[PDB]
Amino acid sequence: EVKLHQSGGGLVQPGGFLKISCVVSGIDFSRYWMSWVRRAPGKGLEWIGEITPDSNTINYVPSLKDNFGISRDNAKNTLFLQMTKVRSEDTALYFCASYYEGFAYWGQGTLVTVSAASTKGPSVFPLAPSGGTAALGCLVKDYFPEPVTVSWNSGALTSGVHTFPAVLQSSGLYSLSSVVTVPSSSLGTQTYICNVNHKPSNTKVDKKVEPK
Amino acid sequence: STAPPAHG
Amino acid sequence: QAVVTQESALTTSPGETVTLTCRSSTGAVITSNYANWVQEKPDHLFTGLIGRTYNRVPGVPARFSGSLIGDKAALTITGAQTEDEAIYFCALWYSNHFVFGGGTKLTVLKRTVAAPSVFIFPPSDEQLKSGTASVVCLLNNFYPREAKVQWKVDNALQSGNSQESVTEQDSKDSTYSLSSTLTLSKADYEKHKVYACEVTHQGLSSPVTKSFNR
């Protein structure tokens with residue numbers, strides 16, 4: 001049983017700093033090269049750097065060497081990643097890995113969100129329906145932080161509902177859509193309401209979504 | 001003895 | 001500053017052979033690029049498969065193998081399994097750092113191909129009152145995951161003003177849904193007349209366009 005246990009991360013303001021840790025059990029940590037990578041939507045996997053058992057080789061991709069720093073404490077079986085002067089584009093899931101022929105063991109990941117946003121409730125806008133299947137939904141726009149919950153008709157409508165993962169916008173705020181498909185012959189006769197909750201702002205909204 | 005790295 | 005290039009997506013069927021390739025912008029891939037392959041399954045489950053071009057990570061099944069093919073590195077999967085449907089990243093070594101390619105979405109057909117149903121939503125009057133305009137394109141219930149969504153405004157190709165979001169693969173029918181949202185200021189939205197999303201997918205003979213006139 002090999003465990004790479006990550007901790008740290010969370011929300012950081014642009015220009016701020018954060019240190020992430022990765023504690024290794026089940027292998028002899030002092031035998032292993034260690035690496036940091038990050039995963040972000042639309043940005044694939046990016047290799048940040050690596051460090052030898054004795055710390056005397058620390059390699060970085062050149063574009064990240066200025067504001068990322070990798071270190072380790074073999075006595076405490078711990079790998080660290082320091083980031084300074086962070087920017088919104090550094091928002092990502094950060095992963096520690098250990099080498100054995102390839103990238104053999106992986107941590108569970110640490111989310112780092114870089115945003116200057118204040119806590120803010122969403123605006124809820126209808127995506128109005130306009131064949132035999134009609135799509136409708138609501139756009140849950142410009143809220144912070146995560147999460148929001150969305151239901152349809154107070155939970156009585158679940159078939160065909162798709163609530164998408166939120167996207168972090170360049171503003172530092174999140175936006176999300178929830179959609180449902182219904183019979184086109186049912187528009188008008190049946191009422192469709194999306195129920196949106198954002199607890200950090202004490203926002204609860206019910207939005208009726210009308211055909212036109 | 002060390003674990004083999006992902007590159008030479 | 002080197003760029004590592006992979007196929008965007010490949011489709012195979014259970015039991016077949018598929019080869020994924022990895023190209024370097026610097027020239028031919030050579031053994032001193034120590035090609036690595038990493039698999040990403042859902043829930044960000046990463047598995048190292050190959051290091052140093054040829055070497056399996058301990059415990060990796062024999063059906064995964066590494067090679068060089070022409071000027072590229074390659075990962076071959078023999079006897080492909082539906083569990084092998086995943087994203088595959090290659091990484092090349094450039095003296096003192098790795099660079100990952102963009103990843104290949106591998107489909108191992110679990111079912112017949114399903115083209116998306118496409119719907120477009122103009123901005124609501126309520127959103128316009130707030131000074132912004134979002135146009136939402138919905139692709140519903142499609143498989144494979146690979147799909148291209150392009151925005152055209154008055155027949156002008158859009159760049160940099162849209163974001164995409166995708167559901168997890170449906171556990172019962174293997175399909176995905178996707179939203180593509182074009183976000184403009186109200187002022188910019190009113191500069192234009194026709195809004196269209198164009199959708200390409202292997203289940204569609206020709207691209208599908210949904211549009212409206214402001």
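Residue numbers begin at 1 in each chain, while the letters A, B, ... track the order of the sequences.
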Practice task
Taking A:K120 for its side chain and A:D142 for its backbone only, find out whether a donor-acceptor pair lies under 3.5 Å.
Solution key: yes
May I have a table of the donor-acceptor pairs connecting chain A and chain B at distances under 3.5 Å?
| residue | atom | partner | partner atom | Å |
| --- | --- | --- | --- | --- |
| A:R31 | O | B:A3 | N | 2.8 |
| A:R31 | NE | B:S1 | O | 2.9 |
| A:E50 | OE1 | B:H7 | NE2 | 3.2 |
| A:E50 | OE2 | B:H7 | NE2 | 2.6 |
| A:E101 | N | B:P4 | O | 2.9 |

Problem - Heavy atoms from other residues, nucleotides or ligands near NZ of A:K199 exceed 12 (cutoff 6.0 Å) - result: no
Problem - Heavy atoms of other groups near A:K3 NZ, more than 12 under 6.0 Å - result: yes
Exercise for the section: Name all residues meeting the ring pair (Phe, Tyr, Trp, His ring centres under 6.0 Å) criterion together with A:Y174; count only those two or more places apart in sequence or in a different chain, and write none if there are none. Expected result: A:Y143, A:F144
Problem - side-chain hydrogen bond (donor to acceptor under 3.5 Å, both in side chains) partner of A:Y94, chosen from A:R38, A:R39, A:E46 - result: A:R38
Exercise for the section: First locate atom CG of A:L79, then atom OG of A:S21, and finally report the distance between them rounded to the nearest 0.5 Å. Expected result: 9.0 Å
